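All Cβ positions, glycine included, derive from the backbone under ideal geometry; neighbour counts span all protein chains shown. Quick note: the coordinates plus some simple rules give every number you see, no bench work behind them.
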Amino acid sequence: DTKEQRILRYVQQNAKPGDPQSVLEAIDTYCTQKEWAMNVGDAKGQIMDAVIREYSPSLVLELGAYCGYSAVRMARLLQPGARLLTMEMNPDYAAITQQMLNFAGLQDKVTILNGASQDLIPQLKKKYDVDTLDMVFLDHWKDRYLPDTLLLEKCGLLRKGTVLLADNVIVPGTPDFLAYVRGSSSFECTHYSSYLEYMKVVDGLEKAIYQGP
Ligand SMILES: CCNc1ncnc2c1ncn2[C@@H]1O[C@H](/C=C/CNC(=O)c2cc(-c3ccc(F)cc3)cc(O)c2O)[C@@H](O)[C@H]1O
Ligand SMILES: [Cl-]
Ligand SMILES: [Cl-]
Ligand SMILES: [Mg+2]
């Protein structure tokens, strides 16, 4: 058994099917009382909720689902008919995420794509019928934030006004990404200071809005 499987089982044993908030609470409780895990957490999660409500995106991409905590957060706030695509390379975690979303009742709003972002991003247009993305949440390996931002642009998936939202810009940090977006005329950036999930350690989210080529 893995820690990720243990989180899923705790939600199944302690939350209410079809109630996303109960799922989020259960995961937070497990990760605070039993075993830490790299979910975005409630502190940063409340900032993400405020961003999602401000922008009301019709199509969101998440890079790195993990166990589906942030996918539950985001999908529960989507307007009716809006959609989330979430990419997760680890097949075990992809299945956990699918089951988390099923449990929460959010499965009709989300598509969980099992594969690496560098493989799946170039397929979005033709295979997933994407035109452009309204919002992207970056939460995968930190050294892939910049490569994948640049791939998304190459592939034509960013429009003027696409909102990038990046986790962990302080801890662990993503120094190439952060320097790049902050220094580029192609992005307008805002920093939201917060705390690392389940810890009294400063972290933050970066919002970087694409300005066009
Ligand atoms: C290969 C790049 N493309 C990818 N495409 C799809 N899924 C990918 C990809 N990379 C990684 N994944 C998945 O994203 C997840 C990985 C995320 C990496 N995150 C972190 O390392 C992380 C780490 C911390 C952290 C902070 C403090 C610490 F002391 C220790 C760890 C906190 C966080 O919030 C984090 O997000 C996994 O589910 C992984 O399988
Ligand atoms: Cl998460
Ligand atoms: Cl937290
Ligand atoms: Mg993170």
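Quickly run through region 13-48 and pick out the residues that are part of a helix (DSSP H, G or I), touching a residue at least 60 places away in the same chain (Cβ under 8 Å), more than 13 Å from ligand 2 (Cβ to nearest atom) and not hydrophobic (A, V, I, L, M, F, W, C).
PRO20, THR32
Considering only region 44-59, I want to know if a residue exists there that is acidic (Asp, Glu) and crowded, with 24+ Cβ neighbours inside 10 Å. Please lay out each step first, then the result.
Of region 44-59, the ones acidic (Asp, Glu) are 49, 54.
When the remaining residues are screened for being crowded, with 24+ Cβ neighbours inside 10 Å, the result is none.
No, region 44-59 contains no residue that is acidic (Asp, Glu) and crowded, with 24+ Cβ neighbours inside 10 Å.
Go over the candidates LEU178, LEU146, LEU152, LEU113 one by one and state the one that is part of a helix (DSSP H, G or I) and closer than 15 Å to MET87 by Cβ.
Just a single option satisfies the conditions, and that option is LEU152.
Take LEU196 and decide whether it is within 11 Å of ligand 1 (Cβ to nearest atom), among the hydrophobic types (A, V, I, L, M, F, W, C) and touching a strand residue (DSSP E or B) at 6+ places or on another chain (Cβ under 6 Å).
Spelling it out, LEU196 is indeed within 11 Å of ligand 1 (Cβ to nearest atom), among the hydrophobic types (A, V, I, L, M, F, W, C) and touching a strand residue (DSSP E or B) at 6+ places or on another chain (Cβ under 6 Å).
Pairs only if they're at least six apart or on different chains, beta carbon under 8 angstrom, first in region 59-73 and closer than 10 Å to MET87 by Cα, second of a type in the set (D, E, K, R) and away from ligand 3 (no atom under 16 Å from the Cβ); list them, first residue then second.
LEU63/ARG144; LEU63/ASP148; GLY64/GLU88; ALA65/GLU88; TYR66/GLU4; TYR66/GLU88
Condition check: β-branched (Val, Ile, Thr), buried (at least 21 other Cβ atoms within 10 Å of the Cβ), in contact (Cβ under 8 Å) with a residue 60 or more places away in the chain and within 16 Å of ligand 4 (Cβ to nearest atom). Does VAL136 satisfy that? Write out each step before concluding.
Working: β-branched (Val, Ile, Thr): yes; buried (at least 21 other Cβ atoms within 10 Å of the Cβ): yes; in contact (Cβ under 8 Å) with a residue 60 or more places away in the chain: yes; within 16 Å of ligand 4 (Cβ to nearest atom): yes.
Answer is yes for this residue.
For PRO20, which of the numbered conditions (1) within 16 Å of ligand 3 (Cβ to nearest atom); (2) surrounded by 17 or more Cβ atoms within 10 Å (Cβ to Cβ); (3) closer than 25 Å to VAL163 by Cα fails to hold?
(1)
May I ask you to list the residues in region 136-168 that are hydrophobic (A, V, I, L, M, F, W, C), in contact with an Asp or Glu (Cβ under 9 Å, 6 or more places away or on another chain) and more than 15 Å from ligand 2 (Cβ to nearest atom)?
Step one: list which residues in region 136-168 are hydrophobic (A, V, I, L, M, F, W, C), which gives 136-138, 141, 146, 150-152, 155, 157-158, 163-166.
Then keep just the ones that are in contact with an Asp or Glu (Cβ under 9 Å, 6 or more places away or on another chain); that gives 136-138, 146, 157, 163-166.
Listed by number, the residues that qualify are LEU146, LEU157, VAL163, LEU164.
Hey, can you tell me all the residues within region 78-106 that are under 16 Å from the mean Cα position of the chain (by Cα), of a type in the set (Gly, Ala, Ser) and within 18 Å of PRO20 (Cβ to Cβ)?
Once the filter is applied, which keeps residues that are under 16 Å from the mean Cα position of the chain (by Cα), of a type in the set (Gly, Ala, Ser) and within 18 Å of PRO20 (Cβ to Cβ), region 78-106 yields only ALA82.
Restricting attention to region 200-213, which residues are outside any strand (DSSP E or B) and touching a residue at least 40 places away in the same chain (Cβ under 8 Å)?
Scanning region 200-213 gives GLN211, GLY212, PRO213.
Could you pull out the residue among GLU25, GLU35 that is loosely packed, with under 14 Cβ neighbours inside 10 Å and either touching a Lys or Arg at 6+ places or on another chain (Cβ under 8 Å) or closer than 16 Å to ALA104 by Cβ (or both)?
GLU35
So in region 49-65, with the set limited to residues that are within 9 Å of the chain's Cα centre (by Cα) and outside any strand (DSSP E or B), which one is nearest to ligand 4 (Cβ to nearest atom)?
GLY64
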